[PDB]
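Trainee:
Chains as they are written, first to last, in full-length UniProt numbering: chain R, 160 to 211; chain D, 1 to 9, 40 to 70; chain Z, 308 to 357; chain C, 12 to 389.
Here it is as structure tokens:
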């Protein structure tokens with residue numbers, strides 16, 4: 160799709176549950192894809208600290 | 001080269047190493063090996 | 308043309324020619340399945356080849 | 012088809028040799044056998060299971076109609092249309108060959124296989140036929156089929172196409188588990204676990220995780236077991252699902268031996284419901300018990316077996332009789348003792364281990380040059 164701010168939520172929430180299932184490198188790759196997605200949004204005014 | 005002393009001469043595929051050591055000692059390994067605990 | 312008899316150009320390769328260059332360097336590369344090099348070759352609007 | 016097909020070979024075995032295990036296996040096999048028009052290979056099972064039932068004639072006219080529907084299809088095809096190779100004659104005549112694995116016995120299927128292998132030039136379609144021989148040879152455990160077509164796969168085919176061979180990396184060592192190679196080859200090439208789609212070529216995934224974790228703790232104890240199965244990540248996902256298997260792992264690594272045997276008795280009882288089963292059950296438990304004894308007698312040189320009366324389980328005389336069988340077995344390098352009641356160990360040293368190896372390798376080569384010096388000079 161074209162909407163962007165919902166992708167940063169679902170990329171970060173998967174990086175929780177891959178880390179919750181004790182898979183470290185796949186949670187690394189999901190977080191890195193969340194970083195390069197989060198570089199093109201008006202404001203993550205609270206989601207930045209959730210990402211950080 | 002006949003030497004004139006000849007005249008007579040996993041299915042079990044690696045069995046005899048297992049069988050020479052353990053033969054038939056209740057191989058389900060639970061009824062006494064896992065069931066000592068009723069004594070204590 | 309008393310000195311140099313053959314002048315030979317090297318234009319940037321075509322889409323049919325970008326496919327063949329891609330097959331040489333991805334030879335020892337190990338691809339899984341479900342992958343199309345022709346789609347990737349169409350993602351290069353006038354690549355150099357190198 | 013052939014994609015969930017290996018569950019049938021489980022229910023052939025699970026119904027047969029334990030007759031007490033005969034309640035629910037017959038209930039979902041015979042209904043599954045009247046499904047998929049399964050007609051040839053169950054007459055042997057119909058001798059060992061329940062006696063007879065006449066739906067045989069009803070499915071025989073069904074198996075003949077589908078045979079005749081495809082018979083008139085490919086005879087008209089081979090007599091009208093004349094392009095060959097991997098063409099329409101090819102996939103119709105393999106649909107006969109797929110019919111004879113799905114419904115028929117092996118004999119009509121194998122002669123259709125060896126006919127259609129001699130026709131083709133695309134090695135991917137050649138390797139798919141070799142995929143079909145390897146599966147029907149895994150059904151009937153034919154040891155002479157599998158030695159041929161694995162050599163067909165390695166030598167005669169796989170110098171070309173790539174990363175469909177990882178399907179056979181699960182198979183070459185799946186055949187090593189049904190042999191006695193439960194030791195090193197099966198654990199070595201089950202170690203690449205990243206093929207998850209529960210296909211025909213990847214027959215199941217969660218049981219494949221249980222298979223690669225049972226065989227793994229015999230190849231290596233601590234030449235870094237912990238990196239490949241404990242520090243390994245994608246293996247740790249699916250054993251986080253299965254609670255007993257992770258309990259069976261961490262009892263061995265974190266050295267809790269009392270809960271280890273409670274896990275091990277469950278594993279041996281769960282081992283009984285396997286179809287590649289004949290080398291497992293006597294040999295697996297006896298190897299894992301002496302496996303745990305070697306690391307426990309390590310770090311000690313003076314153990315009293317009264318310390319093994321409660322930090323280990325129970326049964327003072329039970330440890331006594333099992334160590335006595337193992338020391339007499341030429342293994343478990345220690346010396347058991349009476350009324351002092353102190354298990355004393357002994358190990359070789361630098362000098363003692365390096366001399367015991369050179370005394371054997373020297374005599375083997377000395378006997379080797381006894382013969383070689385006498386082959387020459389008359």
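Beta carbons: idealized from backbone N, C-alpha and C, even for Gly.
1. For residue 313(C), which residues does DSSP report across the bridge?
2. Can you give me the Cβ contacts of residue 134(C) inside the same chain, cut-off strictly under 8 Å, excluding the 5 residues immediately before and after it?
3. Just to confirm the assignment, what range does the alpha helix (DSSP H) spanning residue 178(R) have?
4. Leaving aside the five residues before and after residue 278(C) along the sequence, list all residues of the same chain whose C-beta is less than 7 Å from its C-beta, in chain order.
5. Measuring CA to CA, which of 353(C), 51(C) and 351(C) is closest to residue 119(C)?
6. Please tell me whether residue 191(C) has its Cβ less than 8 Å away from any Cβ of chain D.
7. What residues are listed by DSSP as bridge partners for residue 346(C)?
8. If we ignore side chains and look at the alpha-carbon of each, how far apart do residue 171(R) and residue 180(C) end up?
9. How about residue 311(Z) and residue 320(Z): are their beta carbons less than 8 Å apart?
10. Confirm, please, whether the CB-CB distance from residue 271(C) to residue 66(D) is below 8 Å.
11. Between which residues of its own chain and residue 283(C) is the CB-CB distance below 8 Å, once the five residues before and five after are set aside?
12. Taking DSSP as the reference, what is the three-state secondary structure of residue 192(C)?
13. Here's the rule I'm using: 16 or more other beta-carbon atoms within 10 Å means buried, otherwise exposed. How should residue 304(C) be labelled?
14. Take every Cβ of the segment 140-148 of chain C, pair it with every Cβ of the segment 124-131 of chain C, and state whether three or more of those distances are shorter than 8 Å.
15. With distances taken Cα to Cα, identify the nearest neighbour of residue 351(Z) among 340(Z), 325(Z) and 335(Z).
16. My output table needs one value for residue 302(C): the three-state DSSP class, helix, strand or coil.
17. Below 8 Å on the Cβ atoms is my contact criterion, and I expect residue 301(C) with residue 337(C) to pass it. Report the Cβ-Cβ distance as a whole number of Å.
18. Within this structure, are the beta carbons of residue 294(C) and residue 8(D) separated by less than 8 Å?
19. Where residue 350(C) and residue 333(C) are concerned, what is the direct C-alpha to C-alpha distance, given to the nearest angstrom?
20. Please name the residues in the segment 222-247 of chain C whose beta-carbon is closer than 8 Å to at least one beta-carbon of chain R, in chain order.
21. How many whole angstroms separate the CB atoms of residue 227(C) and residue 240(C), which I take to be in contact at a CB cut-off of 8 Å?
22. When you compare each of 12(C), 235(C), 246(C) and 281(C) to residue 105(C) by their alpha carbons, which one comes out closest?
23. For residue 245(C) versus residue 198(R), is the C-beta distance shorter than 8 Å?
24. Apart from the five residues just before and just after residue 401(C), which ones in its own chain have a Cβ nearer than 7 Å to its Cβ?
25. Return the CA-CA distance between residue 194(C) and residue 103(C), expressed in angstroms with no decimal places.
26. Could you compute how far the alpha carbon of residue 145(C) sits from the alpha carbon of residue 85(C)?
27. When you compare the CB of residue 174(C) with every CB in chain Z, is at least one pair closer than 8 Å?
28. Please work out which residues of its chain come closer than 7 Å, Cβ to Cβ, to residue 193(R), disregarding the five sequence neighbours upstream and downstream, and give them in chain order.
29. Are the C-beta atoms of residue 334(Z) and some chain C residue less than 8 Å apart?
30. Between the Cα of residue 179(R) and the Cα atoms of 314(C), 33(C), 353(C) and 247(C), which residue gives the shortest distance?
31. Just to make sure I have the definition right: I need the residues of chain C whose C-beta is within less than 8 Å of the C-beta of residue 298(Z). Which are they?
32. By the criterion of Cβ-Cβ separation under 9 Å, what are the contact partners of residue 192(R) in chain C?
33. Near residue 380(C), what residues of its chain come up, given a Cβ to Cβ distance below 6 Å and the 5 sequence neighbours on each side ignored?
34. Once DSSP output is grouped into helix, strand and coil, what is the label at residue 206(C)?
35. So is residue 180(R) in contact with chain C if we call contact Cβ pairs under 8 Å?
36. I want to verify the contact list: residues of chain C whose CB lies under 7 Å from the CB of residue 53(D), in sequence order.
Mentor: A quick look at the data gives this:
1. In the fourth chain, the residue the question calls residue 313(C) occupies position 302. DSSP lists 355(C) as partners of residue 313(C).
2. Against the fourth chain, residue 134(C) aligns to sequence position 123. Cβ neighbours of residue 134(C) beyond the five flanking positions: 168, 171 and 172.
3. In the first chain, residue 178(R) corresponds to position 19, counting from 1. Taken as a continuous stretch (DSSP letters only), the alpha helix (DSSP H) holding residue 178(R) covers 164-179.
4. Residue 278(C) sits at position 267 when you count from the first residue of the fourth chain. So the list reads 259, once near-sequence residues are dropped.
5. To locate residue 119(C), count along the fourth chain from 1; it is residue 108. Answer by Cα proximity: 51(C).
6. If you number the fourth chain from 1, residue 191(C) lands on position 180. Taking 8 Å as the threshold, the shortest C-beta distance from residue 191(C) to chain D falls below it.
7. Your numbering for residue 346(C) matches position 335 in the fourth chain. Answer by DSSP bridge pairing, in chain order: 355(C).
8. Looking up residue 171(R) in the first chain gives position 12. Looking up residue 180(C) in the fourth chain gives position 169. C-alpha separation (whole angstroms): 35 Å.
9. As a working mapping, residue 311(Z) is identified with position 4 in the third chain. As a working mapping, residue 320(Z) is identified with position 13 in the third chain. No, they are not a contact pair.
10. Counted from its first residue, the second chain places residue 66(D) at position 36. Counted from its first residue, the fourth chain places residue 271(C) at position 260. Against a cut-off of 8 Å, the Cβ pair of residue 271(C) and residue 66(D) comes out as no contact.
11. By 1-based counting over the fourth chain, the position of residue 283(C) is 272. Around residue 283(C): 29 and 292.
12. Looking up residue 192(C) in the fourth chain gives position 181. Looking at residue 192(C) - three-state DSSP - the assignment turns out to be coil, as it is neither helix nor strand.
13. Mapped onto the fourth chain, residue 304(C) falls at position 293. The residue in question, residue 304(C), is buried, as its Cβ has 16 or more Cβ neighbours within 10 Å.
14. yes
15. The residue labelled residue 351(Z) in the question sits at position 44 within the third chain. Nearest option by C-alpha distance: 325(Z).
16. Translated into positions along the fourth chain, residue 302(C) becomes position 291. Residue 302(C) sits in a helix when the DSSP states are folded into three classes.
17. For the purposes of this step, residue 301(C) is identified with residue 290 of the fourth chain, where counting begins at 1. For the purposes of this step, residue 337(C) is identified with residue 326 of the fourth chain, where counting begins at 1. With 8 Å as the limit, residue 301(C) and residue 337(C) qualify as a contact, their Cβ atoms being about 6 Å apart.
18. On the fourth chain, residue 294(C) is found 283 positions in, with the first residue counted as 1. On the second chain, residue 8(D) is found 8 positions in, with the first residue counted as 1. No, these two residues do not count as a Cβ contact at 8 Å.
19. Locating residue 350(C) in the fourth chain gives position 339, counting from the first residue. Locating residue 333(C) in the fourth chain gives position 322, counting from the first residue. Looking at the two C-alpha atoms, the distance is approximately 18 Å.
20. 244, 245 and 247
21. Looking up residue 227(C) in the fourth chain gives position 216. Looking up residue 240(C) in the fourth chain gives position 229. Under the criterion of beta carbons closer than 8 Å, residue 227(C) and residue 240(C) qualify as touching, at roughly 5 Å.
22. On the fourth chain, residue 105(C) is found 94 positions in, with the first residue counted as 1. It is 12(C) whose Cα lies nearest to the Cα of residue 105(C).
23. The residue given as residue 245(C) occupies position 234 in the fourth chain. The residue given as residue 198(R) occupies position 39 in the first chain. No, the pair does not count as a contact, with Cβ atoms beyond the cut-off.
24. Residue 401(C) cannot be examined here, being either before or after the span of chain C that is shown, 12 to 389.
25. Locating residue 194(C) in the fourth chain gives position 183, counting from the first residue. Locating residue 103(C) in the fourth chain gives position 92, counting from the first residue. The alpha-carbon atoms of residue 194(C) and residue 103(C) are separated by roughly 43 Å.
26. Taking the first residue of the fourth chain as 1, we reach residue 145(C) at position 134. Taking the first residue of the fourth chain as 1, we reach residue 85(C) at position 74. Going by the C-alpha atoms only, they are around 26 Å apart.
27. Locating residue 174(C) in the fourth chain gives position 163, where the first residue counts as 1. For residue 174(C), the nearest beta carbon of chain Z is closer than 8 Å to its own beta carbon.
28. Here residue 193(R) corresponds to residue number 34 of the first chain, with the count starting at 1. Taken in chain order, the residues that qualify are 167, 170, 171, 174 and 210.
29. Your numbering for residue 334(Z) matches position 27 in the third chain. Not one chain C Cβ lies under 8 Å of residue 334(Z).
30. As a working note, residue 179(R) is residue 20 in the first chain. When only C-alpha atoms are compared, the closest one is 247(C).
31. In the structure as shown, chain Z begins at 308 and stops at 357. Residue 298(Z) is therefore absent and cannot be evaluated.
32. For the purposes of this step, residue 192(R) is taken as residue 33 along the first chain, with counting starting at 1. Within chain C, no C-beta atom comes less than 9 Å from the C-beta of residue 192(R); the nearest is roughly 17 Å away.
33. For this step, residue 380(C) is matched to residue 369 along the fourth chain. Closer than 6 Å at Cβ, skipping near neighbours: no residue.
34. Taking the first residue of the fourth chain as position 1, residue 206(C) is located at position 195. Coil, per DSSP.
35. Counting from 1 along the first chain, the entry for residue 180(R) is found at position 21. Yes, residue 180(R) counts as interfacial toward chain C.
36. In the second chain, the residue the question calls residue 53(D) occupies position 23. Within chain C, no residue comes near residue 53(D); the closest Cβ sits about 10 Å away, beyond 7 Å.
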